[PDB]
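See below for the structure under consideration.
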Protein chains: 4
Amino acid sequence: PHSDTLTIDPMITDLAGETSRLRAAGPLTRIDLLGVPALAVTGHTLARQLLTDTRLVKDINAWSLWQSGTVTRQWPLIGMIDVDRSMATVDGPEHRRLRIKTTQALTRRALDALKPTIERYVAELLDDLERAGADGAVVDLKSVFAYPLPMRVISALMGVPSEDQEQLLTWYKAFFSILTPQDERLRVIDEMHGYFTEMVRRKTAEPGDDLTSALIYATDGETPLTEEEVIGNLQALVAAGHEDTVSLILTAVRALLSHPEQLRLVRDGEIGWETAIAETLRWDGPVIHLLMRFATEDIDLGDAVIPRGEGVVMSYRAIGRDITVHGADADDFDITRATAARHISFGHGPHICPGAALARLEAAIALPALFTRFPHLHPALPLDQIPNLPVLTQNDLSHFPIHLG
Amino acid sequence: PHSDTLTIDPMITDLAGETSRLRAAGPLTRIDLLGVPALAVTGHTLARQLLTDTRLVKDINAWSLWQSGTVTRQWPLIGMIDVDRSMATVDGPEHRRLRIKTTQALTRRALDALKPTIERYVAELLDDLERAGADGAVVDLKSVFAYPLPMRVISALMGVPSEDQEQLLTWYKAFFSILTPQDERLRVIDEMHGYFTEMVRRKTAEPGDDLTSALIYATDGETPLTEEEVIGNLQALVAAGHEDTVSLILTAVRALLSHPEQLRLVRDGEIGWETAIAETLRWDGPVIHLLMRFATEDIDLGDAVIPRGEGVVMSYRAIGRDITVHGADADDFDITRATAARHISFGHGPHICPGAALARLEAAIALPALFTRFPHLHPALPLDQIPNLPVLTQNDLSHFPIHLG
Amino acid sequence: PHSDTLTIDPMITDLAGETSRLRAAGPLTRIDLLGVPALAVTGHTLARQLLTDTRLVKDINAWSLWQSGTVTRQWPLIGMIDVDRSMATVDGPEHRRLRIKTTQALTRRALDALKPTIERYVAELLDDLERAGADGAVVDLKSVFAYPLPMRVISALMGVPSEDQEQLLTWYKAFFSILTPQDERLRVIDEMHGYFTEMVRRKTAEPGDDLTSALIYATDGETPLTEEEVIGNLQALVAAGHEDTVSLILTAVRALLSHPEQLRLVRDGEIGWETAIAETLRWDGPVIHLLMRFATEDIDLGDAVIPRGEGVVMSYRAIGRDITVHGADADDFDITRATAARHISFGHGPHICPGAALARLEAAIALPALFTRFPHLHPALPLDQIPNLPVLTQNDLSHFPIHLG
Amino acid sequence: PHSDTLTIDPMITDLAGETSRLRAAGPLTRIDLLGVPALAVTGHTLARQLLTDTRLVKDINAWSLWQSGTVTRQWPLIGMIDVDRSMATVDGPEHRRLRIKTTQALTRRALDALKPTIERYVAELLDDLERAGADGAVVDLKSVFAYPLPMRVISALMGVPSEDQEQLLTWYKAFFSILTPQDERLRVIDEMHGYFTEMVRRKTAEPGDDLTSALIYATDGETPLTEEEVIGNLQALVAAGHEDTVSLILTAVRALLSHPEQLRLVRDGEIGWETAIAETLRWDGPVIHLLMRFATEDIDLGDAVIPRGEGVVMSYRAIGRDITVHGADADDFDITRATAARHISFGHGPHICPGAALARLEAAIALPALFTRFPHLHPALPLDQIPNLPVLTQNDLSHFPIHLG
Ligand code: HEM
Ligand code: HEM
Ligand code: HEM
Ligand code: HEM
Ligand SMILES: C[C@]12CC[C@H]3[C@@H](CCC4=CC(=O)CC[C@@]43C)[C@@H]1CC[C@@H]2O
Ligand SMILES: C[C@]12CC[C@H]3[C@@H](CCC4=CC(=O)CC[C@@]43C)[C@@H]1CC[C@@H]2O
Ligand SMILES: C[C@]12CC[C@H]3[C@@H](CCC4=CC(=O)CC[C@@]43C)[C@@H]1CC[C@@H]2O
Ligand SMILES: C[C@]12CC[C@H]3[C@@H](CCC4=CC(=O)CC[C@@]43C)[C@@H]1CC[C@@H]2O
Ligand SMILES: [Cl-]
Ligand SMILES: [Cl-]
Ligand SMILES: [Cl-]
Ligand SMILES: [Cl-]
Ligand SMILES: [K+]
Ligand SMILES: [K+]
Ligand SMILES: [K+]
Ligand SMILES: [K+]
């Protein structure tokens with residue numbers, strides 16, 4: 001049945017159907033997010049244009065529905081938007097000051113110092129896979145390998161103690177799940193804020209060799225970051241650094257296992273692993289929808305107008321399936337396509353993902369290490385039967401049962 | 001493709017297909033349980049006969065595969081069989097001594113003293129549903145209502161402190177999941193044993209108004225139960241009292257919601273709630289397979305012989321679908337059928353479930369309370385899309401998204 | 001994807017799906033009629049109760065959406081509600097005065113005088129079928145037989161000249177089609193009003209042996225009907241007398257042709273033709289939705305409240321599929337079922353169809369005459385491929401290709 | 001079930017299946033046209049050869065079935081063949097005289113004088129779409145835009161008065177529909193002949209600036225056309241000029257809406273509109289079968305022989321799907337294919353469509369005007385559910401429900 005507003009299903013029962021419908025109704029279309037209306041950008045070229053348009057800001061105070069009190073903290077998606085001041089909420093000249101220390105710490109050269117730590121965690125978790133898969137038993141690749149690894153890496157970078165990481169994982173699972181009761185979710189949001197507040201206090205009194213300390217003590221240059229800004233950057237870096245990288249690792253393994261000819265190309269050195277990672281990001285990336293941007297004034301696109309105060313969502317999954325950019329086979333996984341590295345699954349413009357080099361590095365180490373260690377790894381359950389968790393905006397897989405072979 | 005040994009799929013990908021194949025290949029057929037062979041009893045009349053045959057015992061030491069060292073603690077299903085001495089592991093005259101105090105405490109008349117406690121827990125968890133479902137939000141009926149309720153009831157009966165119940169739930173989820181690494185599963189089994197050992201120590205020093213204390217301090221009649229026997233009975237009562245009752249509540253709601261005409265019959269008083277519960281137990285009961293029985297000698301059934309030392313599994317789900325007993329519509333949910341209360345989903349013979357009256361009482365209170373409180377309750381996800389957890393022998397649903405209406 | 005408001009599709013793409021969804025969400029549920037909200041009564045028992053509830057009136061001025069100017073004449077369904085004063089728009093004591101002369105003229109005994117006229121028209125149109133079907137050609141059963149017949153009968157009863165009937169058919173097709181541009185639809189509504197206004201003028205100056213003349217000149221008893229009341233009754237009698245009877249004839253033929261065993265039962269005298277007509281009315285009747293009733297005050301039904309001013313639609317098709325009344329096979333056509341004549345497809349309460357005896361008489365003459373004349377009549381197109389016309393509230397078939405045989 | 005004669009289904013229930021079966025059974029195969037046998041040419045190269053073969057003539061008197069009286073005016077397709085003398089019925093030297101005045105009037109340079117008239121009608125009917133689609137209402141693109149436009153254009157060219165065009169539309173709908181009773185169809189054929197006879201009389205007494213007058217008064221050169229020849233040319237020009245162009249406009253919109261990437265290419269100027277029109281003509285053109293040609297003697301094709309007197313049909317739709325000419329993707333709509341302008345959907349040889357430049361001009365004006373005016377135009381009904389009218393030889397769509405957006 002036809003409707004002009006596409007309701008994003010919170011259970012993610014038909015992700016493929018929604019992504020195709022969003023593309024067909026694009027590049028700009030109305031969507032419904034749990035009773036709240038917004039515009040969705042589903043086209044590649046229009047996304048690049050709007051992601052650099054200074055009239056679209058992240059600040060929730062620019063949202064006419066927030067101004068009128070129509071949307072409140074009872075909205076189950078409010079934790080994705082109504083967050084503390086950070087690089088994720090600011091635009092304009094002040095944005096660069098909130099990003100500079102993080103981008104400096106996340107350059108390829110800076111990450112070379114972190115590479116041996118990543119190698120150690122990959123090796124340790126491969127040992128866990130080996131023990132778990134003994135005697136031909138079925139193993140959850142997510143819980144044993146892909147789920148803990150990015151948390152370990154981002155915790156080492158930021159300075160999160162090893163004993164605290166299980167609690168963070170429990171919090172994020174409740175934070176992202178649509179099934180979490182809203183009173184519990186807001187409570188989890190408060191508990192996470194309290195944890196990172198105390199972590200910043202702990203690093204202020206006793207700084208260490210970690211990014212959090214660098215945010216706290218920026219040394220020469222610029223106004224010091226406020227407590228809210230340090231906590232906000234910390235919160236965004238851990239959340240994204242963990243959530244998105246877990247998805248990239250799992251979807252890459254799923255794509256390569258279901259395309260064994262292409263897995264052979266990367267294992268034999270005919271196609272680079274980073275090219276396989278790029279096509280995974282384009283075809284099956286971590287972000288489904290990015291909430292949210294708001295128009296500070298009317299934005300005229302010629303045929304259509306984005307009214308002042310309207311909310312605008314970047315539908316990165318639909319954007320990756322753009323037929324105008326990638327061709328008629330955009331819905332297929334093909335690491336040999338020429339437009340693989342043309343994706344914008346890390347974003348575009350000022351808010352482009354600062355951890356993109358780290359995400360690429362983690363996947364580029366973990367993936368060949370996994371398939372070299374277990375060359376006969378294969379699913380114990382048909383890959384197409386692996387369901388998504390009920391997470392509206394993130395491409396989160398539930399579990400990944402495999403046999404080591 | 002045809003095969004003579006039916007492999008029970010650990011991912012529960014096709015439960016309907018397996019149940020029909022087990023019925024078609026029955027009433028006695030060979031099955032494969034994660035590489036271990038056994039016979040499956042899938043016929044109603046043959047089950048009743050074998051459940052009273054004194055030549056089939058629960059003791060794992062009668063298993064020829066256990067005697068020969070072929071099956072070890074590395075088998076992922078070993079926690080269902082190699083357990084402490086209890087009413088679940090003994091046969092013959094000593095069996096009655098390990099059951100008498102429990103059956104005396106679990107009669108319908110004895111349970112009348114527990115009814116107000118059950119009513120309070122149902123009312124409290126319905127309040128949780130109301131808060132979780134505020135503003136039309138989607139609610140997990142399992143996590144908010146059906147999952148905690150039987151744990152609170154069996155904990156009140158046995159004397160498990162309120163603060164310890166979340167840890168028990170965590171243990172049982174790992175105990176039952178096939179995805180749990182076997183070293184972790186064996187550790188959880190050890191941690192559960194340590195908890196219940198200390199609980200018996202705590203109740204020995206300071207007995208209370210609970211069944212555990214009754215097992216510890218009987219009257220002058222009969223030999224006192226050993227420490228192993230008390231712990232063993234306690235472990236079986238909590239595990240079954242929780243695990244099976246959660247499934248009954250969820251499957252009853254699923255069956256009634258997908259058959260609103262039949263839900264109307266029970267709410268309007270034309271069919272009793274206990275009849276709707278009986279048909280749920282027959283059609284979609286908590287136990288899929290019951291492990292395990294072993295022949296002390298050759299058992300001649302006419303057309304076939306069960307060799308001495310062979311393992312025998314009661315496939316209660318397939319048994320409930322017996323067409324010879326229930327008719328050509330055995331695969332349909334119909335609370336008006338005449339053979340509903342003729343099911344043996346609680347077992348038969350000496351090992352018949354001792355908590356059947358409590359399971360019936362919990363469901364008979366919780367179900368009408370749920371539908372009276374939320375008369376417009378309905379699924380937020382198509383009922384047929386609710387998956388089973390990867391638990392081989394138990395009918396465990398993953399989650400139950402609903403709207404209060 | 002799940003939604004709490006069921007949008008009635010104007011293209012009638014999935015009538016079966018919508019009818020089942022309306023039943024499943026009933027007996028009272030919210031619907032969307034081309035952007036306008038209303039409640040739909042989809043349950044049999046609740047319909048009978050509300051159709052006799054004096055707090056639900058037909059007068060559009062009781063509609064809060066009409067009072068507030070939210071709904072206007074630009075709404076494509078406004079011609080079904082905002083009509084002239086007649087028996088269709090009034091409730092209470094004045095309702096009986098607007099119905100008495102019509103009900104007196106439409107009793108079974110009064111209709112005996114019209115039977116030879118119906119017989120002549122059936123015979124004439126069967127002759128048309130014979131000529132149209134010459135040399136084995138395909139014939140549109142609708143255009144040649146079922147479409148003109150009820151117009152000729154209701155025109156003979158009301159006094160519509162033979163030469164004017166083709167224009168009336170053209171008007172009604174535009175009136176009912178959702179595809180008609182709204183400015184054109186409003187013009188057709190005005191042209192129909194002008195025609196019937198002049199017809200009443202013509203009958204006032206020169207009365208005849210017809211019902212229209214009877215409405216104009218009653219006896220000394222009671223106040224004479226106003227001009228608006230005569231025109232209004234005339235318009236309702238012609239519209240319903242034509243539109244609904246065409247559908248009944250076509251759906252009866254479709255149901256019997258797709259169930260030749262049941263057609264054999266009526267032709268061989270084991271089941272009466274009026275019973276086959278009753279099951280057609282229950283299973284595939286002319287009315288899909290009846291617009292519209294409005295609550296003069298809050299109506300408490302126990303679990304729900306119909307707010308004052310809300311619009312209430314009788315979904316007669318969904319009501320006919322009531323499983324609580326007709327059993328588990330309610331979606332099947334079965335003239336031997338015991339509940340066939342228990343349908344309320346003619347309505348219930350004061351507004352019950354006054355022409356039901358005439359509709360039954362027309363079908364009871366036409367159907368056996370058709371099958372006696374052409375015993376080998378059969379479809380030239382698969383019956384399930386016959387589409388509905390885009391008419392939201394009426395069960396209107398597009399065309400009915402047959403061969404005479 | 002296999003048969004050597006392919007029966008063309010008069011209801012067009014499976015047009016895709018028949019077209020593929022005709023191609024698979026080609027390039028020359030037997031078909032059944034409502035009980036009348038003929039040969040069908042379904043291959044591209046064989047069509048070009050036979051369309052220039054002087055042994056295949058249009059004259060029905062060369063048909064052995066017509067000579068023997070086997071086929072008569074009772075055949076429902078006889079109006080496509082047994083027509084008055086015109087350019088459509090003559091072959092050889094006399095053919096050019098019946099075509100010269102028409103081809104001279106239909107050159108691209110001559111049509112430049114008609115372009116402002118086409119622009120005015122497109123603008124007027126776009127205004128009708130705007131009014132019909134007000135307030136988001138569904139609009140029939142056929143009835144409001146595509147159906148009247150070619151009639152207006154061909155009427156302006158030929159000199160048909162504006163007030164007479166609705167009657168012509170009504171006649172042609174009955175003429176083409178297989179559901180029309182044959183006695184009514186022959187009557188419609190007579191009424192059309194009477195209308196065009198009087199139109200030629202009217203233009204003879206008072207000639208105007210139109211093609212009909214040019215046919216009547218050819219000025220210098222050649223024998224004057226007879227009354228039968230003028231009426232015959234007039235009849236063919238209006239019938240084809242209207243019927244085929246309506247189909248081209250609707251199928252082009254359907255193809256572009258279902259391929260939004262390709263619609264973007266033409267709207268952005270990367271592919272010419274005339275290239276999109278060419279691929280629409282190749283893939284989904286107006287003519288399905290062209291009746292009919294007859295062999296004046298035995299025609300030897302090497303492997304097969306067309307016997308003298310046999311009827312030969314050009315299956316232009318199947319011809320457009322020729323895999324030998326267009327490749328393995330011939331069944332796909334792709335305006336970027338290299339063989340798009342290689343189609344013969346306008347025919348080939350002496351009888352090639354004389355109005356091809358006019359059809360291309362009408363579509364090349366109307367299509368960009370439509371999408372420029374309503375850039376967000378989209379279907380209100382799934383495009384694949386738009387059915388064909390029961391017209392055997394013409395690709396006639398029933399209705400085209402859209403929203404303006
Ligand atoms: C694993 C693959 C990853 C993907 C596909 C991804 C993608 C994205 C996207 C789409 C955005 C928002 C762009 C927008 O505003 O529209 C973003 C922002 C961000 N990401 Fe990533 N990310 C990934 C991993 C990471 C990692 C490893 C980190 C490390 C901490 C990280 C930290 C951040 C932060 C802090 C922002 C906010 C930047 C800003 O708003 O200025 N992400 N990412
Ligand atoms: C909710 C529905 C329940 C079902 C369908 C069920 C079913 C069963 C079955 C099939 C057996 C084993 C029969 C055999 O040996 O083949 C069993 C045994 C047992 N059940 Fe239940 N059960 C339920 C709830 C409960 C409850 C509420 C308790 C309370 C503590 C309980 C405690 C036990 C114990 C201790 C045994 C072992 C008895 C023995 O081996 O002697 N179960 N049950
Ligand atoms: C062919 C089968 C027919 C069916 C299934 C049918 C059904 C109905 C229904 C459902 C209603 C409205 C009930 C309500 O208010 O909810 C109605 C009212 C009415 N019908 Fe019929 N009808 C049929 C034929 C006819 C015929 C032959 C006539 C003759 C004139 C007629 C004239 C009317 C009139 C005037 C009303 C308005 C009565 C009032 O509102 O008081 N209908 N009918
Ligand atoms: C809209 C797209 C059109 C298509 C695809 C089309 C196609 C055709 C075809 C296939 C034929 C017969 C070729 C044969 O004999 O096998 C034909 C003939 C003819 N068409 Fe068109 N036509 C179109 C539009 C028009 C228009 C706009 C006119 C203007 C009057 C027209 C007038 C004629 C006439 C008079 C003939 C007979 C020519 C002859 O037999 O010498 N057609 N057309
Ligand atoms: C959306 C995101 C996950 C959720 C993050 C978001 C950055 C801002 C942020 C700060 C919080 O306090 C909660 C999590 C969020 C909302 C991240 C940007 C890229 C990644 O996908
Ligand atoms: C199988 C069962 C769940 C697992 C229980 C079993 C009784 C014996 C038992 C004692 C333990 O220590 C672990 C759990 C088990 C193995 C129960 C009998 C009925 C219920 O379904
Ligand atoms: C709805 C109906 C068809 C449309 C009729 C309606 C009665 C009232 C009426 C008067 C009019 O002027 C237009 C048609 C309508 C709106 C009829 C009652 C039963 C039949 O189905
Ligand atoms: C077949 C046709 C439609 C019907 C036209 C035909 C040209 C000859 C002709 C003269 C008539 O009198 C009726 C219509 C017909 C039969 C046209 C040629 C191309 C177009 O498709
Ligand atoms: Cl990349
Ligand atoms: Cl029971
Ligand atoms: Cl009836
Ligand atoms: Cl072309
Ligand atoms: K666009
Ligand atoms: K593909
Ligand atoms: K050939
Ligand atoms: K294809």
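Atoms within each ligand, like the ligands themselves, are counted from 1 in listed order. Below, each value reflects all heavy atoms present in this structure, side chains not excepted, and no hydrogens, waters or symmetry copies. Residue numbers begin at 1 in each chain, while the letters A, B, ... track the order of the sequences.
Close contacts of ligand 2 with B:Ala88, meaning ligand atoms under 4.0 Å from a residue heavy atom, involve 40 (O). Of all atoms in ligand 2, listed by their number and element, those nearer than 4.0 Å to a heavy atom of B:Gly355 are 26 (C), 27 (C), 28 (C), 29 (C). Under a 4.0 Å criterion applied to the non-hydrogen atoms of D:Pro286, ligand 4 contributes the atoms 2 (C), 5 (C). Taking every non-hydrogen atom of B:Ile154 and a distance limit under 4.0 Å, the qualifying atoms of ligand 2 come out as 30 (C). Under a 4.0 Å criterion applied to the non-hydrogen atoms of B:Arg99, ligand 2 contributes the atoms 38 (C), 39 (C), 41 (O).
Put simply, the side chain of D:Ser86 does not reach to within 4.5 Å of the side chain of D:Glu229, judged on heavy atoms. D:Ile344 is listed as a side-chain neighbour of D:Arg48, based on a closest heavy-atom distance under 4.5 Å. In this structure the side chain of D:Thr102 reaches within 4.5 angstrom of the side chain of D:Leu215, judged on heavy atoms. Side-chain contact between B:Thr107 and B:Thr103: absent, with no pair of heavy atoms (C-beta onward) separated by less than 4.5 Å. Residues B:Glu243 and B:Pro286 are not in side-chain contact: their nearest non-hydrogen atoms beyond the backbone lie 4.5 Å or more apart.
Formation of a donor-acceptor pair under 3.5 Å by the D:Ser315 side chain with backbone atoms of D:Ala40 is not found in this model.
Heavy-atom distances between D:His348 and ligand 4 stay at or above 4.0 Å for every pair. Close to ligand 4: D:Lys58, with a non-hydrogen atom less than 4.0 angstrom away. Ligand 4 has D:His95 within reach: a non-hydrogen atom of the residue lies less than 4.0 Å from it.
The part of B:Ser345 lying near ligand 2 is the backbone, judged by heavy-atom distances below 4.0 Å. When non-hydrogen atoms are compared, ligand 4 lies under 4.0 Å from neither the backbone nor the side chain of D:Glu362. For D:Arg293, every heavy-atom contact with ligand 4 shorter than 4.0 Å involves the side chain, none the backbone. Residue-level proximity to ligand 4 for D:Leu290 is carried by the side chain, the only part with a heavy atom below 4.0 angstrom. Contacts between D:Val238 and ligand 4 below 4.0 angstrom, taking non-hydrogen atoms only, are absent altogether.
For D:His242 and D:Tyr147, the ring centers are positioned less than 6.0 Å apart. Between C:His326 and C:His343, the distance from one ring center to the other does not fall under 6.0 angstrom.
Across the listed options B:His351, B:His343, B:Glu243, B:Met314, B:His351 owns the non-hydrogen atom lying nearest to atom 39 (C) of ligand 2. The residue from D:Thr103, D:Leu237, D:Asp244 that puts a heavy atom closest to atom 30 (C) of ligand 4 is D:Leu237. Nearest to atom 17 (C) of ligand 2 by heavy atom, out of B:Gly285, B:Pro350, B:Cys353, B:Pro354, is B:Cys353. Of the listed residues (B:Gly241, B:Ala363, B:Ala239), the one carrying the non-hydrogen atom nearest atom 26 (C) of ligand 2 is B:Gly241.
Checked against a 3.5 angstrom limit, the closest N/O atoms of D:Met87 and ligand 4 fall inside it.
Using a 4.0 Å cut-off between charged nitrogen and carboxylate oxygen, B:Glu94 and B:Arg85 count as a salt-bridge pair. With respect to C:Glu279 and C:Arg282, a salt bridge is recorded, a charged nitrogen being found less than 4.0 Å from a carboxylate O. Classification of B:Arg293 and B:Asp53 as a salt-bridged pair fails, no side-chain N sitting under 4.0 Å from a carboxylate O.
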